[PDB]
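The block underneath contains the structure these notes are about, expressed in structure tokens.
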Amino acid sequence: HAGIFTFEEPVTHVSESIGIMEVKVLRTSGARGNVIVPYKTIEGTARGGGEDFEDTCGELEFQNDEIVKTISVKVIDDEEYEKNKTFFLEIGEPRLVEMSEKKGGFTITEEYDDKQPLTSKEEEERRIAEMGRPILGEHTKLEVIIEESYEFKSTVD
Ligand SMILES: [Ca+2]
Ligand SMILES: [Ca+2]
């Protein structure tokens, strides 16, 4: 295929009394090399910067030897007023660190472009490139509902 990077759960409930929450990411079935998957915390109704939570935007490094992955996010103690709040974890465009030399041939303008994420919506030609790159899996969205300490299994949807 290319890459299958999806969350095991699209919604996760974590306590506000927790330190680090970790979420399981499923790895590509074509793990034959090193692939970088950037991710970021969309604040939403939470506040990053160590305010309400410790926001994170970095890169998950997948390898042939490195299996699975967890996004480790730090939750902070409330600074403003307390509510159950939530932040979205989304991953970006994965890229092969080992850039596959696909022999297309000499072409005009071969620079470091390809900086756009998964965005081939109207541009069909960018799909050619995305086809030779890894992409995401099924559901890439993680709604982390950080529920203030009560008890778990209570917030059932
Ligand atoms: Ca707060
Ligand atoms: Ca709180």
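Simple scheme: letters A, B, ... for chains in structure tokens order, numbers from 1 for residues in each chain, numbers from 1 for ligands in the order shown.
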Report as a ChimeraX atom specification all protein, DNA and RNA residues lying within 9 Å of residue 89 (chain A), evaluated on only C-alpha atoms, omitting residues in the same chain fewer than 5 positions from it. /A:39-43,71,140-144
Using only C-alpha atoms and all ligand atoms, what are the residues with an atom within 12 Å of ligand 2, set out as a PyMOL selection string? chain A and resi 14-18+46-47+51-53+75-86+145-150
Mind checking DSSP for chain A and telling me the alpha helix (DSSP H) residues as a PyMOL selection string? chain A and resi 125-131
Same residues, C-alpha atoms, output as a PDB file, in the first residue's frame:
```
ATOM      1  CA  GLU A 125      -1.308  15.390 -10.167  1.00  0.00           C
ATOM      2  CA  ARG A 126      -0.310  15.748  -6.488  1.00  0.00           C
ATOM      3  CA  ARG A 127      -1.979  12.305  -6.029  1.00  0.00           C
ATOM      4  CA  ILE A 128       0.816  10.819  -8.149  1.00  0.00           C
ATOM      5  CA  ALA A 129       3.315  12.034  -5.641  1.00  0.00           C
ATOM      6  CA  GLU A 130       1.193  10.979  -2.663  1.00  0.00           C
ATOM      7  CA  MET A 131       0.973   7.554  -4.220  1.00  0.00           C
TER       8      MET A 131
END
```
From the DSSP assignment of the backbone, select every residue of region 116-151 of chain A that is strand (DSSP E), and format the answer as a PyMOL selection string. chain A and resi 142-147
Identify, on the basis of only C-alpha atoms, every residue whose closest approach to residue 22 (chain A) does not exceed 7 Å; exclude the query and any residue fewer than 3 positions from it along the same chain; express the result as a list in words. residues 70, 71, 72 and 73 of chain A
Given only C-alpha atoms and all ligand atoms as the counted atoms, nearest of A:9, A:54, A:61, A:98 to ligand 1: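 Nearest candidate to ligand 1 out of A:9, A:54, A:61, A:98: A:54.
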For CA of residue 65 (chain A) and CA of residue 12 (chain A), quote the distance in Å rounded to one decimal. 26.9 Å
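Between residue 91 (chain A) and the candidates A:122, A:59, A:114, A:66, the tightest atom-to-atom separation, counting only C-alpha atoms, involves A:59.
With distances restricted to only C-alpha atoms and all ligand atoms, A:49 is the closest residue to ligand 1 from A:109, A:49, A:97, A:90.
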When distances are computed from only C-alpha atoms and all ligand atoms, which of A:95, A:45, A:1, A:120 shows the smallest separation from ligand 1? A:45
Would you please work out which residue, of A:112, A:106, A:87, A:152, is nearest to ligand 1 when using only C-alpha atoms and all ligand atoms?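 So, comparing all the options, the nearest one is A:87.
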Using only C-alpha atoms, which of the listed residues (A:124, A:93, A:113, A:138) sits closest to residue 35 (chain A)?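 Closest residue, counting only C-alpha atoms: A:93.
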Residues near residue 26 (chain A), cut-off 9 Å, only C-alpha atoms, skip fewer than 5 positions along chain, as a VMD selection string: chain A and resid 4 to 8 67 to 69 137
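For the pair CA of residue 157 (chain A) and CA of residue 25 (chain A), the interatomic distance is 21.8 Å.
Coordinates place CA of residue 3 (chain A) at a distance of 22.8 Å from CA of residue 56 (chain A).
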